[PDB]
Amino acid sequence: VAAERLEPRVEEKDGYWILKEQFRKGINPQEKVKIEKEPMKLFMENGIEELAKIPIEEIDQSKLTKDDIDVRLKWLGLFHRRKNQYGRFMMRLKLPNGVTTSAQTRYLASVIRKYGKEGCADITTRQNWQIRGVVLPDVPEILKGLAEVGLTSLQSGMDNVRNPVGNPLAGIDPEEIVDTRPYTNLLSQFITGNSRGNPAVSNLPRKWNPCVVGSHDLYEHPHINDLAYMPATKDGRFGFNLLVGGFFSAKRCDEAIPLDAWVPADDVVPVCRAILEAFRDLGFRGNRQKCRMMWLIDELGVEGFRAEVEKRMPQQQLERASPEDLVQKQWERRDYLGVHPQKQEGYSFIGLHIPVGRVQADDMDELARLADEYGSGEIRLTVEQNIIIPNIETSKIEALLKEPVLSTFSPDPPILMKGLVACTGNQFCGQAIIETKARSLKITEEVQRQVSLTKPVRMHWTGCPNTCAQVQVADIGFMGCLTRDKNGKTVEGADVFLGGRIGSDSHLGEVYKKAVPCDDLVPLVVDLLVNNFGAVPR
(Lines of atoms letter the chains of each structure in order from A and count residues from 1; the text may use other names and numbers.)
(Lines give C-alpha, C1' and ligand atoms only; values in the text may rest on other atoms or scores of the structure.)
Protein backbone atom coordinates (compact mmCIF):
# COMPACT_ATOMS: atom_id res chain seq x y z
CA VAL A 1 0.00 0.00 0.00
CA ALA A 2 1.48 3.29 -1.23
CA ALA A 3 1.67 6.28 1.15
CA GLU A 4 -0.66 8.27 -1.13
CA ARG A 5 -3.44 5.77 -0.31
CA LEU A 6 -3.36 7.03 3.30
CA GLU A 7 -4.21 10.66 2.47
CA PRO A 8 -7.51 11.61 4.18
CA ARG A 9 -10.17 11.92 1.48
CA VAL A 10 -12.61 14.15 3.38
CA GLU A 11 -12.18 17.57 4.96
CA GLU A 12 -14.09 19.71 7.44
CA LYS A 13 -15.80 22.68 5.78
CA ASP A 14 -18.25 25.00 7.59
CA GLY A 15 -19.00 22.42 10.31
CA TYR A 16 -19.56 19.47 7.96
CA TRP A 17 -17.31 16.84 6.42
CA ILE A 18 -17.09 16.73 2.65
CA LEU A 19 -15.17 14.72 0.06
CA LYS A 20 -12.12 16.62 -1.15
CA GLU A 21 -12.36 17.88 -4.74
CA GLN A 22 -9.60 15.51 -5.96
CA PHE A 23 -11.37 12.48 -4.43
CA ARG A 24 -14.71 12.77 -6.24
CA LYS A 25 -13.97 10.78 -9.40
CA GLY A 26 -15.86 7.49 -9.80
CA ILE A 27 -18.01 7.89 -6.68
CA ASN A 28 -21.40 6.17 -6.39
CA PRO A 29 -24.74 8.05 -6.74
CA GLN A 30 -25.28 8.19 -2.95
CA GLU A 31 -21.97 10.03 -2.57
CA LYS A 32 -23.19 12.51 -5.18
CA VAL A 33 -26.36 13.13 -3.15
CA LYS A 34 -24.23 13.89 -0.06
CA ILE A 35 -22.06 16.36 -2.03
CA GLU A 36 -25.07 18.09 -3.66
CA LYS A 37 -26.48 18.97 -0.23
CA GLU A 38 -25.32 18.05 3.27
CA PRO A 39 -28.03 15.79 4.78
CA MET A 40 -27.36 16.97 8.36
CA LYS A 41 -28.51 20.49 7.43
CA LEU A 42 -32.11 19.21 7.43
CA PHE A 43 -31.77 18.84 11.21
CA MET A 44 -28.91 21.11 12.28
CA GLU A 45 -30.01 24.12 10.19
CA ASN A 46 -33.70 23.20 10.48
CA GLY A 47 -34.01 22.61 6.71
CA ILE A 48 -36.84 20.21 7.54
CA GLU A 49 -39.18 23.06 8.54
CA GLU A 50 -39.47 24.42 4.99
CA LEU A 51 -39.18 21.03 3.25
CA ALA A 52 -42.14 19.68 5.25
CA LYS A 53 -44.44 22.40 3.87
CA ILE A 54 -43.88 21.45 0.23
CA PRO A 55 -46.58 19.08 -1.07
CA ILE A 56 -45.05 15.69 -1.86
CA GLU A 57 -46.18 15.76 -5.52
CA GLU A 58 -44.16 18.99 -5.91
CA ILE A 59 -41.18 17.52 -4.03
CA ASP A 60 -41.06 14.67 -6.56
CA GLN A 61 -40.69 17.15 -9.45
CA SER A 62 -37.10 18.17 -8.64
CA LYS A 63 -34.07 15.93 -8.02
CA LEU A 64 -32.83 18.01 -5.07
CA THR A 65 -36.03 17.70 -3.03
CA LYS A 66 -36.79 14.13 -4.15
CA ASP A 67 -33.30 13.17 -2.90
CA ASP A 68 -34.12 15.10 0.29
CA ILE A 69 -37.08 12.88 1.11
CA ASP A 70 -35.79 9.58 -0.33
CA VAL A 71 -32.18 9.75 0.85
CA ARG A 72 -31.17 12.72 3.01
CA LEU A 73 -34.05 12.27 5.47
CA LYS A 74 -32.53 8.95 6.57
CA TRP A 75 -30.00 11.08 8.48
CA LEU A 76 -33.03 12.15 10.55
CA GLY A 77 -34.20 8.54 10.81
CA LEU A 78 -36.97 8.98 8.24
CA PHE A 79 -37.42 6.40 5.49
CA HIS A 80 -39.83 7.12 2.63
CA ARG A 81 -41.75 3.94 1.76
CA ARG A 82 -41.98 5.09 -1.86
CA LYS A 83 -42.91 1.79 -3.52
CA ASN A 84 -45.08 0.08 -0.90
CA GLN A 85 -46.57 2.92 1.17
CA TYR A 86 -46.18 6.05 -0.93
CA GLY A 87 -46.00 9.34 0.94
CA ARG A 88 -45.51 7.64 4.31
CA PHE A 89 -42.30 7.41 6.30
CA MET A 90 -40.98 4.78 8.63
CA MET A 91 -39.09 6.43 11.49
CA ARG A 92 -36.20 4.74 13.29
CA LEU A 93 -34.69 5.76 16.62
CA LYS A 94 -31.42 5.69 18.44
CA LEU A 95 -32.08 3.45 21.41
CA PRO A 96 -28.76 2.39 22.90
CA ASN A 97 -28.97 -0.98 24.62
CA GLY A 98 -32.65 -1.27 23.68
CA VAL A 99 -33.81 0.67 26.73
CA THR A 100 -37.10 2.62 26.60
CA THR A 101 -39.47 4.13 29.16
CA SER A 102 -43.25 3.85 29.48
CA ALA A 103 -43.59 7.58 28.74
CA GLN A 104 -41.53 7.17 25.55
CA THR A 105 -43.58 4.10 24.58
CA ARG A 106 -46.85 6.01 25.07
CA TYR A 107 -45.51 8.89 22.99
CA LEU A 108 -44.59 6.58 20.10
CA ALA A 109 -48.01 4.92 20.38
CA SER A 110 -49.71 8.33 20.16
CA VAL A 111 -47.85 9.11 16.93
CA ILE A 112 -48.76 5.86 15.17
CA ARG A 113 -52.36 5.95 16.48
CA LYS A 114 -52.96 9.13 14.44
CA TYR A 115 -52.28 7.23 11.23
CA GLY A 116 -54.83 4.46 11.71
CA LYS A 117 -54.41 1.63 9.20
CA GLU A 118 -51.16 3.23 7.98
CA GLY A 119 -49.61 3.09 11.44
CA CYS A 120 -47.96 0.39 13.55
CA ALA A 121 -44.58 -0.19 15.18
CA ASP A 122 -41.84 -2.79 15.11
CA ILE A 123 -38.97 -3.98 17.25
CA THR A 124 -35.86 -4.40 15.12
CA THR A 125 -32.94 -6.79 14.98
CA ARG A 126 -30.84 -4.01 16.58
CA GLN A 127 -33.19 -3.90 19.65
CA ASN A 128 -34.65 -0.63 18.37
CA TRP A 129 -38.05 0.94 17.65
CA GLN A 130 -39.46 1.76 14.26
CA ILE A 131 -42.77 3.56 13.86
CA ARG A 132 -44.82 3.75 10.68
CA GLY A 133 -47.35 5.98 8.93
CA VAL A 134 -45.58 9.32 9.38
CA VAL A 135 -46.50 12.03 6.87
CA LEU A 136 -43.98 14.70 5.95
CA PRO A 137 -46.00 17.71 7.25
CA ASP A 138 -46.01 16.11 10.73
CA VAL A 139 -42.24 15.61 10.85
CA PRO A 140 -41.29 18.91 12.55
CA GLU A 141 -43.80 18.27 15.36
CA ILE A 142 -42.69 14.65 15.77
CA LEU A 143 -39.03 15.66 16.02
CA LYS A 144 -40.00 18.12 18.76
CA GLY A 145 -42.10 15.48 20.57
CA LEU A 146 -39.30 12.93 20.45
CA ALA A 147 -36.87 15.42 21.99
CA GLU A 148 -39.43 16.31 24.68
CA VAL A 149 -39.56 12.68 25.85
CA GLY A 150 -35.78 12.18 25.63
CA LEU A 151 -35.60 10.34 22.31
CA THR A 152 -33.68 10.96 19.11
CA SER A 153 -33.98 9.56 15.58
CA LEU A 154 -30.67 11.00 14.43
CA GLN A 155 -28.29 9.21 12.08
CA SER A 156 -30.16 5.90 12.16
CA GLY A 157 -30.13 5.12 8.43
CA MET A 158 -27.82 5.48 5.43
CA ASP A 159 -24.10 6.21 5.90
CA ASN A 160 -24.20 6.47 9.64
CA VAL A 161 -23.41 4.67 12.86
CA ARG A 162 -26.38 2.42 13.60
CA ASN A 163 -28.01 1.58 16.92
CA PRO A 164 -25.46 0.65 19.63
CA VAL A 165 -26.44 -2.84 20.77
CA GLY A 166 -25.75 -4.12 24.28
CA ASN A 167 -26.71 -6.79 26.78
CA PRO A 168 -30.50 -6.88 27.21
CA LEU A 169 -29.83 -8.12 30.77
CA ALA A 170 -27.48 -5.22 31.59
CA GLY A 171 -27.53 -4.28 35.27
CA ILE A 172 -30.00 -7.02 36.23
CA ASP A 173 -28.46 -10.41 35.41
CA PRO A 174 -26.63 -12.12 38.28
CA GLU A 175 -24.29 -13.58 35.62
CA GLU A 176 -23.40 -10.43 33.67
CA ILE A 177 -19.77 -9.58 32.94
CA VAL A 178 -20.18 -5.79 32.86
CA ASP A 179 -23.20 -3.47 32.61
CA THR A 180 -23.21 -2.32 28.97
CA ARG A 181 -25.61 0.63 29.41
CA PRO A 182 -23.04 3.27 30.37
CA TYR A 183 -20.98 2.35 27.29
CA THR A 184 -23.81 2.14 24.76
CA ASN A 185 -25.20 5.42 26.20
CA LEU A 186 -21.79 7.07 25.74
CA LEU A 187 -21.51 5.76 22.20
CA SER A 188 -24.98 7.06 21.28
CA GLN A 189 -24.21 10.46 22.86
CA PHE A 190 -20.96 10.61 20.89
CA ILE A 191 -22.55 9.48 17.60
CA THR A 192 -25.43 11.97 17.79
CA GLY A 193 -23.54 14.86 19.40
CA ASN A 194 -25.80 14.67 22.46
CA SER A 195 -28.84 14.59 20.12
CA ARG A 196 -27.78 17.77 18.27
CA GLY A 197 -26.10 15.90 15.38
CA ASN A 198 -22.45 14.96 14.88
CA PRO A 199 -21.27 15.76 11.33
CA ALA A 200 -17.83 14.28 12.09
CA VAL A 201 -19.29 10.76 11.84
CA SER A 202 -22.25 11.30 9.51
CA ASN A 203 -20.38 11.14 6.20
CA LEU A 204 -19.12 7.57 6.27
CA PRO A 205 -18.68 5.52 3.08
CA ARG A 206 -21.38 3.18 4.37
CA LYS A 207 -23.43 2.08 7.37
CA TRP A 208 -21.51 0.89 10.42
CA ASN A 209 -22.77 -1.28 13.29
CA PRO A 210 -21.41 -1.14 16.87
CA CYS A 211 -22.01 -3.32 19.91
CA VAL A 212 -20.70 -3.64 23.47
CA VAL A 213 -20.58 -7.12 25.02
CA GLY A 214 -21.56 -7.67 28.66
CA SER A 215 -22.90 -11.22 28.59
CA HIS A 216 -21.27 -14.64 28.44
CA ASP A 217 -24.23 -15.51 26.21
CA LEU A 218 -23.04 -12.98 23.60
CA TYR A 219 -26.60 -11.70 23.19
CA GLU A 220 -24.97 -8.75 21.38
CA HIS A 221 -23.76 -10.79 18.37
CA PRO A 222 -20.25 -9.27 18.37
CA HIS A 223 -19.22 -11.51 15.45
CA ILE A 224 -21.47 -9.58 13.04
CA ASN A 225 -20.68 -5.98 14.04
CA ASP A 226 -18.29 -3.45 12.47
CA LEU A 227 -16.96 -2.78 15.96
CA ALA A 228 -17.48 -5.09 18.92
CA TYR A 229 -16.14 -4.39 22.38
CA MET A 230 -15.21 -7.67 24.10
CA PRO A 231 -14.72 -7.25 27.86
CA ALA A 232 -11.18 -8.21 28.86
CA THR A 233 -8.75 -7.59 31.68
CA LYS A 234 -5.25 -6.61 30.57
CA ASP A 235 -2.31 -6.28 32.97
CA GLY A 236 -4.70 -5.92 35.93
CA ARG A 237 -7.02 -3.39 34.24
CA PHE A 238 -10.58 -3.64 33.00
CA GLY A 239 -11.22 -2.84 29.36
CA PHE A 240 -12.14 -4.26 25.97
CA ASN A 241 -10.50 -6.23 23.20
CA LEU A 242 -11.72 -4.94 19.84
CA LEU A 243 -13.21 -6.91 16.96
CA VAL A 244 -13.70 -5.16 13.64
CA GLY A 245 -15.38 -5.43 10.25
CA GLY A 246 -18.16 -7.97 10.76
CA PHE A 247 -20.99 -7.42 8.28
CA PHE A 248 -23.70 -8.96 6.15
CA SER A 249 -24.61 -8.02 2.59
CA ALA A 250 -26.07 -9.61 -0.54
CA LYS A 251 -22.55 -10.12 -1.95
CA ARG A 252 -20.60 -11.11 1.16
CA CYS A 253 -20.99 -12.01 4.83
CA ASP A 254 -17.94 -11.87 7.09
CA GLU A 255 -17.37 -12.30 10.82
CA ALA A 256 -15.53 -9.60 12.75
CA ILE A 257 -11.79 -10.14 13.17
CA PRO A 258 -9.46 -9.04 15.97
CA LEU A 259 -7.95 -5.59 15.50
CA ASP A 260 -5.31 -6.88 17.96
CA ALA A 261 -6.19 -3.98 20.24
CA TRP A 262 -7.23 -3.53 23.85
CA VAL A 263 -8.49 -0.25 25.33
CA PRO A 264 -9.15 0.65 28.95
CA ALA A 265 -12.86 1.06 29.72
CA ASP A 266 -12.52 4.86 29.62
CA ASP A 267 -11.23 4.75 26.02
CA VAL A 268 -14.44 3.31 24.52
CA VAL A 269 -15.44 6.63 22.93
CA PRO A 270 -11.90 7.67 21.87
CA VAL A 271 -11.36 4.38 19.99
CA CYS A 272 -14.82 4.48 18.40
CA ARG A 273 -13.92 7.96 17.15
CA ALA A 274 -10.49 6.83 15.89
CA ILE A 275 -11.94 3.86 13.96
CA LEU A 276 -14.72 5.97 12.46
CA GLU A 277 -12.28 8.70 11.44
CA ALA A 278 -10.06 6.13 9.72
CA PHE A 279 -13.07 4.64 7.90
CA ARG A 280 -14.44 8.08 6.98
CA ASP A 281 -11.01 9.36 5.86
CA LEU A 282 -9.85 6.34 3.87
CA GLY A 283 -12.75 4.14 2.81
CA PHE A 284 -13.60 3.31 -0.78
CA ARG A 285 -16.62 5.24 -2.11
CA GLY A 286 -17.27 3.44 -5.40
CA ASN A 287 -19.48 0.36 -5.88
CA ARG A 288 -21.79 0.40 -2.82
CA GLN A 289 -21.28 -3.36 -2.43
CA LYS A 290 -17.58 -2.74 -1.65
CA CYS A 291 -17.88 0.17 0.81
CA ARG A 292 -18.39 -1.57 4.18
CA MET A 293 -15.41 -1.19 6.50
CA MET A 294 -14.19 -4.79 6.08
CA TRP A 295 -13.26 -3.90 2.48
CA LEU A 296 -10.91 -1.19 3.79
CA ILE A 297 -9.41 -3.65 6.26
CA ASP A 298 -8.80 -6.10 3.41
CA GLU A 299 -7.24 -3.38 1.26
CA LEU A 300 -4.83 -2.09 3.93
CA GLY A 301 -4.47 -5.37 5.79
CA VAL A 302 -5.58 -5.51 9.41
CA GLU A 303 -2.17 -4.20 10.58
CA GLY A 304 -2.28 -1.32 8.09
CA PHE A 305 -5.76 -0.44 9.30
CA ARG A 306 -4.67 -0.77 12.94
CA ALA A 307 -1.89 1.78 12.29
CA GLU A 308 -4.52 4.23 10.99
CA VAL A 309 -6.60 3.79 14.15
CA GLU A 310 -3.50 4.17 16.33
CA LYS A 311 -2.45 7.50 14.77
CA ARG A 312 -5.94 8.89 15.52
CA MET A 313 -5.91 7.88 19.21
CA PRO A 314 -5.11 10.44 21.94
CA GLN A 315 -1.31 10.44 22.44
CA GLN A 316 -1.34 7.96 19.52
CA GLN A 317 -1.44 4.99 21.87
CA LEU A 318 -3.24 1.72 21.17
CA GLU A 319 -2.32 -1.34 23.21
CA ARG A 320 -2.28 -4.86 21.77
CA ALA A 321 -5.14 -7.25 22.59
CA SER A 322 -5.17 -9.06 25.91
CA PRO A 323 -4.40 -12.78 25.37
CA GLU A 324 -7.71 -13.71 27.00
CA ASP A 325 -11.05 -11.98 27.44
CA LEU A 326 -13.66 -12.30 30.19
CA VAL A 327 -16.23 -14.17 28.09
CA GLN A 328 -16.46 -17.77 29.25
CA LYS A 329 -16.38 -20.25 26.38
CA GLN A 330 -18.09 -22.77 28.67
CA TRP A 331 -21.57 -21.34 28.31
CA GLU A 332 -25.06 -22.20 27.09
CA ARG A 333 -27.12 -19.28 25.75
CA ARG A 334 -29.90 -18.68 28.25
CA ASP A 335 -33.58 -18.20 27.51
CA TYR A 336 -34.59 -14.72 28.75
CA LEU A 337 -38.29 -15.23 28.13
CA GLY A 338 -40.32 -15.89 31.26
CA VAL A 339 -39.71 -14.83 34.85
CA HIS A 340 -36.12 -14.60 36.10
CA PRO A 341 -34.62 -13.35 39.36
CA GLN A 342 -32.48 -10.20 39.23
CA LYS A 343 -29.22 -9.65 41.07
CA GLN A 344 -31.20 -7.22 43.25
CA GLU A 345 -32.78 -9.45 45.89
CA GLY A 346 -36.58 -9.47 45.83
CA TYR A 347 -36.81 -8.42 42.16
CA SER A 348 -37.43 -10.25 38.91
CA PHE A 349 -37.53 -9.46 35.23
CA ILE A 350 -39.98 -10.91 32.74
CA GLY A 351 -39.24 -11.58 29.08
CA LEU A 352 -42.33 -11.37 26.86
CA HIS A 353 -42.65 -12.76 23.34
CA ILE A 354 -43.71 -10.18 20.77
CA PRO A 355 -44.87 -12.16 17.72
CA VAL A 356 -42.55 -11.13 14.86
CA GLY A 357 -41.83 -7.85 16.69
CA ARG A 358 -45.07 -6.23 15.49
CA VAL A 359 -47.22 -4.02 17.73
CA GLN A 360 -50.14 -1.64 17.36
CA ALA A 361 -50.70 1.55 19.39
CA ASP A 362 -53.08 -0.21 21.81
CA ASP A 363 -50.47 -2.92 22.44
CA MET A 364 -47.79 -0.33 23.15
CA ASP A 365 -50.01 1.43 25.68
CA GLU A 366 -50.75 -1.87 27.41
CA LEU A 367 -47.05 -2.79 27.60
CA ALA A 368 -46.30 0.69 28.98
CA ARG A 369 -49.08 0.20 31.56
CA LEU A 370 -47.56 -3.12 32.66
CA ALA A 371 -44.11 -1.58 33.00
CA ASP A 372 -45.58 1.14 35.26
CA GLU A 373 -47.81 -1.11 37.36
CA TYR A 374 -45.35 -3.97 37.79
CA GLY A 375 -41.88 -2.63 36.98
CA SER A 376 -40.14 0.74 37.10
CA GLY A 377 -41.60 2.14 33.88
CA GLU A 378 -38.81 0.56 31.82
CA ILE A 379 -39.25 -1.61 28.73
CA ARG A 380 -36.22 -3.26 27.13
CA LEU A 381 -36.10 -4.43 23.51
CA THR A 382 -34.17 -7.46 22.31
CA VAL A 383 -32.54 -8.34 18.99
CA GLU A 384 -35.00 -11.25 18.65
CA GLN A 385 -37.67 -8.53 18.53
CA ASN A 386 -39.02 -9.33 22.01
CA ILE A 387 -39.30 -7.31 25.23
CA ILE A 388 -38.11 -7.52 28.82
CA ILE A 389 -39.83 -5.66 31.66
CA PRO A 390 -37.24 -5.39 34.46
CA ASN A 391 -37.42 -4.40 38.13
CA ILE A 392 -40.59 -6.22 39.16
CA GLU A 393 -41.06 -6.96 42.87
CA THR A 394 -41.17 -10.75 42.85
CA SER A 395 -44.31 -10.79 45.03
CA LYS A 396 -46.19 -9.17 42.10
CA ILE A 397 -45.36 -11.96 39.62
CA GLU A 398 -48.41 -14.10 40.48
CA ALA A 399 -50.74 -11.20 39.60
CA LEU A 400 -48.72 -10.26 36.50
CA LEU A 401 -49.01 -13.77 35.03
CA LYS A 402 -52.82 -13.39 35.11
CA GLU A 403 -52.82 -10.20 33.01
CA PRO A 404 -54.93 -10.76 29.87
CA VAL A 405 -52.34 -9.18 27.56
CA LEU A 406 -49.86 -11.94 28.48
CA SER A 407 -52.01 -14.34 26.45
CA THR A 408 -50.89 -12.40 23.36
CA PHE A 409 -47.41 -11.34 24.50
CA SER A 410 -46.52 -14.49 26.37
CA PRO A 411 -43.76 -15.20 28.91
CA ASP A 412 -43.81 -18.81 27.71
CA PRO A 413 -44.80 -19.22 24.08
CA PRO A 414 -44.07 -22.44 22.18
CA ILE A 415 -40.32 -22.95 21.75
CA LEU A 416 -40.16 -22.18 18.01
CA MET A 417 -41.86 -18.82 18.60
CA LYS A 418 -39.25 -17.93 21.25
CA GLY A 419 -36.55 -18.04 18.59
CA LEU A 420 -38.46 -16.64 15.60
CA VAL A 421 -37.06 -13.49 13.97
CA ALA A 422 -38.48 -11.82 10.83
CA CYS A 423 -37.69 -8.62 8.94
CA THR A 424 -40.19 -6.03 7.71
CA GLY A 425 -40.69 -7.70 4.33
CA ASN A 426 -42.91 -6.50 1.52
CA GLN A 427 -45.72 -5.11 3.63
CA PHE A 428 -43.60 -1.94 3.80
CA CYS A 429 -40.11 -2.54 2.45
CA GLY A 430 -39.54 -1.76 -1.24
CA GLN A 431 -36.62 -4.18 -1.63
CA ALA A 432 -38.54 -7.13 -0.22
CA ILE A 433 -39.16 -10.03 -2.57
CA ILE A 434 -41.78 -11.68 -0.32
CA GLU A 435 -44.09 -11.05 2.62
CA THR A 436 -42.25 -12.12 5.77
CA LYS A 437 -43.95 -11.34 9.08
CA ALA A 438 -47.42 -12.83 8.51
CA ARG A 439 -46.01 -15.76 6.52
CA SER A 440 -43.35 -16.67 9.09
CA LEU A 441 -45.93 -16.69 11.89
CA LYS A 442 -48.31 -18.90 9.89
CA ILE A 443 -45.61 -21.40 8.90
CA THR A 444 -44.12 -21.56 12.40
CA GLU A 445 -47.59 -22.20 13.88
CA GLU A 446 -48.23 -25.03 11.43
CA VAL A 447 -44.81 -26.57 12.05
CA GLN A 448 -45.23 -26.49 15.84
CA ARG A 449 -48.66 -28.12 15.52
CA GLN A 450 -46.89 -31.12 13.95
CA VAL A 451 -43.80 -31.55 16.16
CA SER A 452 -42.68 -31.04 19.74
CA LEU A 453 -39.06 -30.31 20.63
CA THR A 454 -36.80 -29.24 23.48
CA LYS A 455 -33.87 -27.70 21.58
CA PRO A 456 -34.20 -23.88 21.24
CA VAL A 457 -34.14 -23.79 17.43
CA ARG A 458 -33.80 -20.27 16.05
CA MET A 459 -35.58 -19.52 12.78
CA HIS A 460 -34.94 -16.29 10.89
CA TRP A 461 -36.98 -14.96 7.95
CA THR A 462 -35.57 -12.23 5.72
CA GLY A 463 -37.28 -10.77 2.65
CA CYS A 464 -34.32 -10.14 0.35
CA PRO A 465 -30.53 -10.69 0.18
CA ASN A 466 -29.86 -7.62 2.41
CA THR A 467 -30.46 -10.13 5.23
CA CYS A 468 -31.61 -7.63 7.85
CA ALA A 469 -33.06 -10.58 9.76
CA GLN A 470 -29.64 -12.24 9.72
CA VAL A 471 -30.49 -15.62 8.14
CA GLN A 472 -26.79 -16.55 8.32
CA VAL A 473 -27.00 -16.70 12.16
CA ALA A 474 -30.07 -18.98 12.19
CA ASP A 475 -30.43 -22.68 12.89
CA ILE A 476 -32.87 -22.54 9.97
CA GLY A 477 -32.94 -19.40 7.85
CA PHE A 478 -35.36 -18.38 5.11
CA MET A 479 -34.35 -15.84 2.46
CA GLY A 480 -37.15 -14.56 0.25
CA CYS A 481 -37.13 -15.42 -3.43
CA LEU A 482 -39.52 -15.88 -6.32
CA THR A 483 -39.79 -19.42 -7.59
CA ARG A 484 -42.16 -21.73 -9.48
CA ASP A 485 -44.89 -24.21 -8.55
CA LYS A 486 -45.42 -27.57 -10.33
CA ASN A 487 -47.31 -25.77 -13.13
CA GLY A 488 -44.58 -23.15 -13.63
CA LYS A 489 -46.58 -20.35 -12.02
CA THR A 490 -44.75 -17.59 -10.15
CA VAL A 491 -44.95 -18.13 -6.38
CA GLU A 492 -43.24 -16.74 -3.29
CA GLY A 493 -40.47 -18.96 -1.97
CA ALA A 494 -37.46 -19.13 0.29
CA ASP A 495 -33.88 -20.20 -0.02
CA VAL A 496 -33.37 -22.28 3.12
CA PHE A 497 -30.15 -21.77 5.12
CA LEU A 498 -28.57 -24.09 7.69
CA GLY A 499 -25.49 -24.01 9.88
CA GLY A 500 -25.71 -20.70 11.75
CA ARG A 501 -24.39 -20.70 15.32
CA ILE A 502 -24.29 -17.88 17.85
CA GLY A 503 -22.49 -17.34 21.16
CA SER A 504 -18.76 -17.93 21.49
CA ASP A 505 -18.71 -20.83 19.02
CA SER A 506 -20.21 -18.74 16.24
CA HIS A 507 -20.53 -19.79 12.61
CA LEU A 508 -22.19 -18.38 9.52
CA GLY A 509 -24.89 -20.50 7.90
CA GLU A 510 -25.09 -21.11 4.17
CA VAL A 511 -27.74 -22.00 1.60
CA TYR A 512 -28.96 -25.56 2.00
CA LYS A 513 -31.84 -25.71 -0.48
CA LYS A 514 -32.76 -23.04 -3.00
CA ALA A 515 -36.10 -21.92 -4.33
CA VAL A 516 -38.54 -23.74 -2.06
CA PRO A 517 -42.13 -22.51 -2.60
CA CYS A 518 -43.41 -21.01 0.66
CA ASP A 519 -46.45 -23.30 0.46
CA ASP A 520 -44.06 -26.30 0.58
CA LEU A 521 -41.97 -25.15 3.56
CA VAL A 522 -43.95 -26.80 6.36
CA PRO A 523 -43.12 -30.45 5.47
CA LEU A 524 -39.49 -29.50 4.72
CA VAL A 525 -39.06 -27.75 8.08
CA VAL A 526 -40.91 -30.45 10.05
CA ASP A 527 -38.52 -33.05 8.63
CA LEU A 528 -35.44 -30.86 9.24
CA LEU A 529 -36.49 -30.46 12.87
CA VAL A 530 -37.06 -34.20 13.38
CA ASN A 531 -33.90 -35.21 11.53
CA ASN A 532 -31.49 -32.59 12.85
CA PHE A 533 -32.88 -31.02 16.01
CA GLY A 534 -34.47 -33.90 17.93
CA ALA A 535 -38.08 -32.95 17.27
CA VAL A 536 -40.80 -35.56 17.79
CA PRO A 537 -43.94 -35.87 15.64
CA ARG A 538 -47.09 -35.20 17.67
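In case it trips you up, residue 1 is the first one in the sequence shown, and so on.
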Quiz item: As stated in the PDB record, which stretch has the larger average Cα B-factor, 476-484 or 32-40?
Solution: 32-40
Exercise. Pick between 197-205 and 420-428: the one whose mean CA B-factor in the entry is higher.
Key: 197-205
Exercise. Report the option among 74, 333, 358, 162 whose CA atom has the maximum B-factor in the deposited record.
Key: 333
Quiz item: Checking the entry, which one of 299, 217, 122, 179 has the top C-alpha B factor?
Solution: 299
Quiz item: Lowest, middle or highest third: where is residue 235 by C-alpha B factor in its chain?
Solution: highest
Quiz item: Relative to the other modelled residues in the chain, which third contains the C-alpha temperature factor of residue 48: lowest, middle or highest?
Solution: highest
Exercise. Within this chain's modelled residues, let me know which third the CA B factor of residue 314 belongs to: lowest, middle or highest.
Key: highest
Quiz prompt | Among modelled residues of the same chain, the CA temperature factor third for residue 469 | solution = lowest
Quiz item: Relative to the other modelled residues in the chain, which third contains the C-alpha temperature factor of residue 82: lowest, middle or highest?
Solution: middle
